[PDB]
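Each chain, letter by letter, is given below.
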Amino acid sequence: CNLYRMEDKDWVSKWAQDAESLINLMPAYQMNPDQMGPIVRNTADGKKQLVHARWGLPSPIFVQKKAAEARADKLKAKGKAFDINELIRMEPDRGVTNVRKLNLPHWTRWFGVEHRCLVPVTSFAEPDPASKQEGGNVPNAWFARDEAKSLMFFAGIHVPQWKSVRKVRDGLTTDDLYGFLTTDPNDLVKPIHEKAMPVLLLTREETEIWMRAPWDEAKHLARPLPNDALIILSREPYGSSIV
């Protein structure tokens, strides 16, 4: 998914009490690509930290170079000298919100325990084009554990202090990045969104496995939730926000 919400006001105490908190946790969150969202990440020090990170992992090195080359072509044809290396270096990187191919070379370097993180979520959205009207944008279907929107966790992967050009106007920056795994949609999600659904952790034992177990073990919790795990809490229009 590329849109979700986090509305649990009291969770830190029971889910991340042993985590080093150093941020001002907002009461509610409506996350969109490249925005700052709350996450509990592991540290190379073997510790945990509750911080804010930019939603969007680094793009594959070839996906980026392809953009730099395409730019170089409209520069050469335009009659302008350029540096292929400097182009790639400055090439904007929107970020990758979801990691679907676990065997993709690009992702293999960030599967160690030090790059694991828990992404708190109370409800997430999925495009619902089967409900869009003629003169209107694609609406969404919101999914949750229950009507009370019980807290859940996305299986996250973070990359601390990554230097790149997130937004052309801001230039080169060093940001903490994060993202989470996606998988095949189950019988509840597929009818609405056939592309995929997010990997969700419902219990503590599951969160511990993800935050402590070696990849060869943790990668296995990357599977769709049972068919009755979730609920369709609502169908809201494009743009609907809780904040």
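Residues numbered from 1 in each chain as written, not as in the entry; some residues may be left out. Heavy atoms only, no water.

1. Thoughts on the domain arrangement of the protein chain
Our working definition: Throughout the structure description, domain borders are defined by an automatic or database domain assignment. In what follows, a contact means two residues having at least one pair of non-hydrogen atoms within 4.5 Å. Note on terms: buried area is the combined drop in 1.4 Å-probe accessible area of two parts once they are placed together, counting the loss on both. Salt bridges are identified by distance alone: a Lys or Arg side-chain nitrogen within 4 Å of an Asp or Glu carboxyl oxygen.
Domain annotation for the protein chain reports domain 1 (1-5 + 121-150 + 183-195 + 223-243), domain 2 (7-58 + 91-120 + 151-182 + 196-222) and domain 3 (59-89). The C-alpha-based centres of domain 2 and domain 3 are spaced at 30 Å. Counting residues at the interface gives 10 residues for domain 2 and 10 residues for domain 3. Of the roughly 720 Å² buried at the junction of domain 2 and domain 3 (both faces included), carbon and sulfur atoms supply 41%. Summed over the three residues of domain 2 that lose the most area to domain 3, namely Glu 91, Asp 93 and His 106, the buried surface amounts to 69% of that side. Inspection of the domain 2/domain 3 interface yields 1 salt bridge. Here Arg 71 makes a salt bridge to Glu 91, at a shortest N to O gap of 2.7 Å.

2. Quick notes on the nonpolar core
The criterion, for reference: The criterion is simple. A nonpolar core is a set of buried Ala, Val, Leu, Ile, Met, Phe, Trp, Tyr and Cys residues joined through side-chain atoms within 4.5 Å. Throughout, exposure labels follow a simple rule: accessible area from a 1.4 Å probe, protein chains only, divided by the maximum for the residue type, with under 20% read as buried, over 50% as exposed, and the rest as partly exposed. Secondary structure elements follow DSSP: runs of H or I of four or more residues count as helices, runs of E of two or more count as strands, with numbering from the N terminus.
In terms of nonpolar packing, the biggest core is built from 54 residues, with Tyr 4, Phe 124, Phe 154, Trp 210 and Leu 230 touching the most fellow members. Take this core: its biggest share by element is 6 residues, from strand β10 (residues 152-164). Counting only domains with at least three residues in this core, you end up with domain 1 (1-5 + 121-150 + 183-195 + 223-243) and domain 2 (7-58 + 91-120 + 151-182 + 196-222). With near-sequence residues (within four places) excluded, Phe 154 lies in contact with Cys 1, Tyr 4, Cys 117, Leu 118, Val 119, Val 121, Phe 124, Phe 180, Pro 198, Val 199, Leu 200 and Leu 201.

3. Quick look at the pattern of salt bridges
Where charged atoms from two side chains of opposite charge come close, those side chains can pair. Taken as a whole and assessed by the stated rule, the structure comprises 16 salt bridges. Where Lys 65 meets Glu 69, a salt bridge forms, and the shortest distance between an N and an O atom there is 4.0 Å. On the criterion of helical spacing, the pair formed by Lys 65 and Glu 69 is a turn pair, its members being 4 residues apart in helix α2 (residues 61-76). If you follow the salt bridges from partner to partner, you end up with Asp 18, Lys 48, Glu 208 and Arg 212 in one network.

4. What to know about the pairing of strand β5 (residues 48-55)
Put simply, the test is: A pair of strands is considered paired only if DSSP assigns at least 2 bridges between the two.
Most of β5 is tucked away, with 7 of its 8 residues classed as buried. Bridge count for strand β4 (residues 36-42) against β5 is 7 bridges, and the pairing is antiparallel. Counted as the bridge partner of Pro 38 is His 52 from β5. Hairpin remark: β4 followed by β5, antiparallel, with 5 residues in the connecting loop; positive phi at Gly 46, about 80°. In this structure, β5 lies alongside strand β11 (residues 173-183), joined through 2 bridges in parallel fashion. Residue pairing across strands places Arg 54 opposite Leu 177, the latter belonging to β11.

5. Let's talk about the packing of aromatic side chains
The description of an aromatic ring pair rests on the distance of the ring centres and on the angle between the ring planes. Heads up, the rule is: Pairing of aromatic rings covers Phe, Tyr and the six-membered ring of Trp, with a centre-to-centre limit of 6.5 Å; geometry is then stacked below 30 degrees between planes, edge-to-face above 60, and tilted otherwise.
Throughout the structure, instances matching the rule amount to 14 aromatic pairs. Plain terms: the ring middles of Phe 111 and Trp 215 are 3.7 Å apart, the flat faces sit at 5° to each other, and that makes the pair stacked. In this pair, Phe 111 sits in the loop between β6 (98-99) and β7 (116-121) while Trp 215 sits in helix α5 (residues 215-218), placing the two residues 104 residues apart along the sequence. Residues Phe 111 and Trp 215 agree in their burial class; the two are buried.

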